[PDB]
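**Student:** Residue numbers (our numbering), protein chains in the order written: chain L, 3 to 172; chain E, 189 to 298; chain R, 27 to 286; chain F, 7 to 372; chain W, 7 to 372. Have a look at this one.
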Amino acid sequence: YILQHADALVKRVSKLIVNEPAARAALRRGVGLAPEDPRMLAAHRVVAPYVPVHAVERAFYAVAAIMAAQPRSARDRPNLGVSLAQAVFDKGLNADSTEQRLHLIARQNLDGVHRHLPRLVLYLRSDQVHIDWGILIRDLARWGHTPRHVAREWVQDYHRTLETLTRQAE
Amino acid sequence: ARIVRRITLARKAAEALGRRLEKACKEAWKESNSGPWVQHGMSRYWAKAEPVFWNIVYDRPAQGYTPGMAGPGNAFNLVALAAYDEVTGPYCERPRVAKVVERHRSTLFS
Amino acid sequence: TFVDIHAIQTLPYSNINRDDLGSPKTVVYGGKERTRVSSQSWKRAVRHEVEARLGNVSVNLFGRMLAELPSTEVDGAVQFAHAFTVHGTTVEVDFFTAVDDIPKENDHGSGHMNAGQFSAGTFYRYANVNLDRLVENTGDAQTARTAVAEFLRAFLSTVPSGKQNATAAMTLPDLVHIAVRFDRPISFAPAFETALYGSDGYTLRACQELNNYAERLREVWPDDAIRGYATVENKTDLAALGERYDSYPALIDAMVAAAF
Amino acid sequence: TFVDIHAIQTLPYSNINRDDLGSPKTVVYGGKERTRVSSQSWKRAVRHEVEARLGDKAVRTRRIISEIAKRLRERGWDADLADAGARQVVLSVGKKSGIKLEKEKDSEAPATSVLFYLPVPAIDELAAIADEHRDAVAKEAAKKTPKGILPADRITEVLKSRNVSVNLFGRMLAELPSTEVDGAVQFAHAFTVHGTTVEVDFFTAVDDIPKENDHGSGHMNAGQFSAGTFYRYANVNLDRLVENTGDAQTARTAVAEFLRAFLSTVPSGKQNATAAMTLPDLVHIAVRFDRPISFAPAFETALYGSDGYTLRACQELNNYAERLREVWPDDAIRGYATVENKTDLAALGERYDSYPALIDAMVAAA
Amino acid sequence: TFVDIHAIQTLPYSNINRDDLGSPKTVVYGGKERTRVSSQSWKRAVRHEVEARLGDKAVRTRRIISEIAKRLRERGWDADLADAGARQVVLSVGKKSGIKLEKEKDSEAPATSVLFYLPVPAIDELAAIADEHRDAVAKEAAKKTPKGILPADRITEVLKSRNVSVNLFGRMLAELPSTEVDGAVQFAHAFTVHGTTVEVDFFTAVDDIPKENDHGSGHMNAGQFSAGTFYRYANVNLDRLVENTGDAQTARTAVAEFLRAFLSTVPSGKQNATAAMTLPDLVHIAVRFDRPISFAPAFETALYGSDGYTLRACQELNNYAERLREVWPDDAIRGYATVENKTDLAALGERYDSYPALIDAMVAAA
DNA sequence: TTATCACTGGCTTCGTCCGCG
DNA sequence: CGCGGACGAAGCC
């Protein structure tokens, strides 16, 4: 389900971004802010119609905006943990430090994920790390019902894929 | 001699990785808490491990194992990993314990 | 004639009974491990309140005195099911350190580092009592009255004594349902074979789930079972469980009266 | 016979008691994680306030030998004779040759294997018993494996001496089970009424003398914290307390001072950095005759939030107390004291204007 | 014996202390997120005014070796002998061979693993101690694995010297447990009375030499600020402060000067961009003898808004202070000083016309 | 950065010693 | 002086 509308947002947006400068600037001004906040209303005009509990809508708005606030250097089924571990092993980011940030997000609430998440994801996309935004969207949607479950999946995926990537370098 | 050799290299890989899963589980729970997992771990493990062995002796096909190959085939790796995840599943929850539990699960990969 | 009781008593962070290690006893049910308090422990506690309140109906209602030699009646016509949590529960470790009072010219090298396991949840408790054997063995029907009534209130009120000084787990059941059944005893345990999801609490949800299961089983087997239930919430109706009662002792009175 | 006390008390960004990594202890209760203050820590704070206020001090220590050695050294013994005599004090007890000792550490007397919980004058009395047998200890120190000489019955009778804190909280000593005393107080783990996520604070420590490396690149470790309205509960089994202390008047003073301490004390966890000292917003004392009943299930359904939890928590404890009094009829003397005046809270019994007035009335009612 | 000070102080578009990303620190308190200024930062501002104003200067540094090397080099030592001597200073202490050192950086003395917190003149005395043993150091610099020569007792006695800042806030040195001093001041985390959403502030930097395309593009990052009326609280445990300083007179000057510093200072985090220098709108000092009591629960219910929060916050602190004296009877000497005249605020005790008058009266009253 | 990390028990028959009455 | 209760003797490295 949800993933279907999420894919519509990823093509649309990702397609409405690199192909638009005014819309890109109008949606990026609302990263890490509630959909209720006036400052992001300029964004509804692009994303509001696909919002399929309330947590969701917050999810779609979030990702959409954060996905849109990347530098151009980053512009142009795995989870986020596997993307982080592969980014550590490949791009050589700090491992132990991205480690504590993962352990801090895995405890947050629906409102905390969207305020702790932007630094790691936007910085992760910095230095061109691949990130499947659709899975991330459905994940942010999964905080409304199973926060701890999604958190556990993110962390587990990270360590398991880090271990397998280290062992396959035998 | 070859049939017995398969049986030995089997019982060997089998208990060897099984006890390695014991140390794994035990240590894991301690370093986490800085253990209840070992008892249930072994229960499902051996209970799941006897039929896989008996399939190896009769040279029947067992998933993760290749029929009629002298090497062990690391079938018991997949059994122990399935048992380990069946026991430690709900406690790989908080990020710390998840870190220890998986970093000690990696050892069963061989 | 069998009168059985179902209760949904919740317990805060506690370790009422524990294994040979520190961790509490757990039954892996419905694919999800869930903490339990074994039947004998809770039953022994019940035995002490019943016998204390009664000031040989105890060798009749319960099987046999622990310290007495077998008196040809080792069975008891009372069947305590092992209480188990409605939801899945991860054993929650509590790290603790004993403090050394006398201090040397060094700092904080505490007396004892350790970690003990605890857990909290809403246990679904259940028991049945075979009135017929109780009447045939005790003789006087009034002794049966005091035994079942006093046993029932004891069933509600008591809670095992285990690590309680460190955790005050004293509590009253949220739901009690006494069903005087003539056909056969039935436990609503499979109502919770699918562990309930969390994040909003379980009392209400467990109440309504038990209501659904009671509705359906009563549908498959319509019977003359006399029923009644008492809750600490007035917000939700549970029509399948019988007529509502304002309080627990009122309910127990009505059902002991219903038995005779 | 069961005095039970309920209390709602908020703490702001407190982090009073930490696990091994600094995170506040949490319960996944009702499906939602709620930070908690461990019962043993707060129990220690209460016992230190009670002992400090009533003047009698108990000592829970694993290193009794060193302390008895210091007292005997102040009594005129040579240091070596003091050490040998104190070793005799702990050696002359227990089934086997003696109380198990940890591996001797260089330059100091060995620590006992198990923690001891006994009053200070009892320690002085052990020193005196070891003192009157000065010649036997002097002769036995020369032997390779000295045996216990002190009378076992007299020492065991001194170790049975009870402080107020032991009468109230109990003690355990496995090697001499005759001295073990059952506690008269049940102390619940104080958890938050509402679900609380651990808030992470990123702190740095400034190096005072300027260096280029010192700033820019350098970063400093992150420390966790939490805040919330804790629910607190405790029992006092009066018949057992009267049996332990023996006299009923001492039980009354012990209980009153205990309850007041229970309200007054705060665990002191990183308080030099957070100043979480706070009085409970609500207190509900009940004198239950049948059984103590905690109101923790009232808050098993986590509060939603967005608005101040104190008022909603007080109304919920009130509403739940009413329903329990209807469901479980009893003649238990109830009573409460609250700061908010927005509600009457009818179910919590007669209202008392102040916490000490409430405590005095209730304890006098038992 | 417990001087506790409460204060309400508004800050406009302040952003006094930032996380790693520049956002102001927030507490989800009472269910609503409220920006806060961390206690350690403000504690640093207070300690700098107190040390700067009272003349005693404390130094918290990881690179003590380098500074001692500078003093000994000014005493006429060669640079290499100065380095070896300072290394001897830190090597001659601790149980093991020496204080643990972080890996040495080329051309500069290695920084110690743990931070040292000692007065500046104490550093000068350590330099003198390293100076009088010049020949032992000259002989000792040649060996491959040089050992500590300086007396351990004298150096440890020098490290025990206490500054006013150390007496007041305490210190910690894990490697030298003889030097640890328990702090006498509890400093709470100042949070906003009302809920505050972080206000992103888009800002750009103009490139001065004209480029036609850059002007049209005009893109730069957005830094986030916040504003609000902070509640502030702090305790001073007088008996412990008297124990640290020793004399009661020095405790009086330290406490009075501390309170005045507590009102006067502001952390100065990002001020050249936003001038957030402000005096507290209300101050309430109380001298509690039994226990300090913070008024943070008074503001757990966030204020709704649309109208000015200062008056409603002051009135609420008043109402809560009244309610606590009712609920917890005490003889604590209270007193306040306020800028607003719309209310008398009867519960906050006797009113004093000015902050220095209030501080002087209260400190003289303890 | 450092210090700390429990005990107790769920074997056999009888005899002897010790505490008690 | 009698009775009751508690600990020890191996077998075992």
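Think of the CB as a built atom: it goes at the ideal place given N, C-alpha and C, for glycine as much as any other residue.
If we ignore side chains and look at the alpha-carbon of each, how far apart do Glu114(F) and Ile70(F) end up?
**Tutor:** 12 Å
**Student:** Go ahead and label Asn21(L) buried or exposed: buried means 16 or more other beta carbons lie within 10 angstroms of its beta carbon, across all protein chains shown.
**Tutor:** exposed
**Student:** Between the segment 270–289 of chain F and chain W, which residues of the former have a C-beta closer than 8 Å to a C-beta of the latter?
**Tutor:** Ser270, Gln277, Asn278, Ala279, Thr280, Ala281, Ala282, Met283, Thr284, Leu285, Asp287
**Student:** My output table needs one value for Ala85(W): the three-state DSSP class, helix, strand or coil.
**Tutor:** helix
**Student:** Pull out every residue of the segment 297–312 of chain F whose Cβ sits closer than 7 Å to any Cβ of chain R, in chain order.
**Tutor:** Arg297, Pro298, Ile299, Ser300, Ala302, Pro303, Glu306, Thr307, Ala308
**Student:** Rounded to whole angstroms, what's the CA-CA distance from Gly252(W) to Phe268(W)? Just pull it up for me.
**Tutor:** 23 Å
**Student:** What residues are listed by DSSP as bridge partners for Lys348(W)?
**Tutor:** The partner list for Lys348(W) (beta bridge, DSSP) is empty, contrary to what the question assumes.
**Student:** So the alpha helix (DSSP H) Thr251(F) belongs to, where does it begin and stop?
**Tutor:** 244–251
**Student:** Give the residues of chain W in contact with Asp133(R), contact being defined as C-beta atoms less than 7 Å apart.
**Tutor:** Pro183, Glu186
**Student:** Per DSSP, which one or two residues make a beta bridge with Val202(R)?
**Tutor:** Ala33(R), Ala256(R)
**Student:** List the endpoints of the continuous beta strand (DSSP E) containing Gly229(F).
**Tutor:** 228–231
**Student:** May I ask you to report which of helix, strand or coil DSSP gives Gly147(R)?
**Tutor:** strand
**Student:** Our contact map puts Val84(L) next to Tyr160(L) with C-beta atoms below 8 Å; I'd like the distance itself, whole angstroms only.
**Tutor:** 7 Å
**Student:** Which residues bound the beta strand (DSSP E) around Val33(F)?
**Tutor:** 32–35
**Student:** Using a Cβ-Cβ distance under 8 Å, would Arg60(L) count as near chain W?
**Tutor:** Answer no: the Cβ-Cβ gap between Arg60(L) and chain W never drops below 8 Å.
**Student:** Assuming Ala190(W) contacts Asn169(W) (C-beta within less than 8 Å), just tell me the rounded distance between them.
**Tutor:** With a Cβ gap of about 13 Å, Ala190(W) and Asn169(W) do not count as contacting.
**Student:** Just checking my contact of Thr235(W) with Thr16(W) at CB under 8 Å: how many whole Å lie between their CB atoms?
**Tutor:** 4 Å
**Student:** DSSP has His200(F) in a bridge; who is on the other side?
**Tutor:** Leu309(F)
**Student:** On a Cα-Cα basis, can you pick out the residue from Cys320(F), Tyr310(F), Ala88(F) that is closest to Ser225(R)?
**Tutor:** Selected option, being the one with the closest Cα: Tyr310(F).
**Student:** Where DSSP assigns a beta bridge to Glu118(R), which residues make up the other side?
**Tutor:** Looking at the DSSP assignment, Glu118(R) forms a beta bridge with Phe144(R).
**Student:** Verify the CB distance criterion: does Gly314(F) have a CB-CB separation below 8 Å to chain W?
**Tutor:** yes
**Student:** Anything in chain W within Cβ reach of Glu205(F), meaning under 7 Å, just list it in chain order.
**Tutor:** Taking the beta carbon of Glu205(F) as reference, the chain W residues within 7 Å of it are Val33, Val34, listed in sequence order.
**Student:** Would you mind telling me which residues of chain W sit closer than 7 Å to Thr256(F), beta carbon to beta carbon, in chain order?
**Tutor:** Those do not exist, as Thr256(F) stays about 23 Å from chain W at its closest Cβ, beyond 7 Å.
**Student:** Could you give the residue range of the beta strand (DSSP E) that holds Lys38(F)?
**Tutor:** 38–43
**Student:** Once the 5 residues before and after residue 6(F) are set aside, which same chain residues still bring their CB inside 8 Å of it?
**Tutor:** Since the displayed chain F opens at 7 and closes at 372, residue 6(F) lies outside it and no answer follows.
**Student:** Between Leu167(L) and the rest of its own chain, which residues show a CB-CB distance below 6 Å, the 5 nearest in sequence each way excluded?
**Tutor:** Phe91
**Student:** With 8 Å set as the bound, which would you pick, yes or no: does the beta-carbon of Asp272(R) sit closer than that to a beta-carbon of chain F?
**Tutor:** yes
**Student:** Helix, strand or coil for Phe193(W), going by three-state DSSP, please let me know.
**Tutor:** strand
**Student:** Taking only beta carbons into account, state which residues of the segment 46–68 of chain F come closer than 8 Å to chain W, listed in chain order.
**Tutor:** none
**Student:** Quick one: Cα of residue 4(W) to Cα of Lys63(F), how far?
**Tutor:** Nothing about residue 4(W) can be reported from this structure: the residues present for chain W run from 7 to 372 only.
**Student:** Should the segment 105–119 of chain R be called in touch with the segment 36–52 of chain R, which here means at least 3 C-beta pairs below 8 Å?
**Tutor:** yes
**Student:** Name, please, each residue of chain L whose Cβ falls closer than 8 Å to the Cβ of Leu27(W).
**Tutor:** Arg121
**Student:** Using a Cβ-Cβ cut-off of 7 Å (strictly less than) and excluding sequence neighbours within five positions of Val131(L), which residues of its own chain qualify?
**Tutor:** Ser85, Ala89, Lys93
**Student:** Can we say the segment 182–201 of chain F touches the segment 230–246 of chain F, given the rule of at least three CB pairs closer than 8 Å?
**Tutor:** Yes: the two stretches touch, three or more of their Cβ pairs being nearer than 8 Å.
**Student:** In angstroms with no decimal places, state the Cα-to-Cα distance between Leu244(F) and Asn260(R).
**Tutor:** Taking the Cα positions, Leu244(F) is about 34 Å away from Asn260(R).
**Student:** Under a CB-based cut-off of 8 Å, is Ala228(F) close to chain L?
**Tutor:** yes
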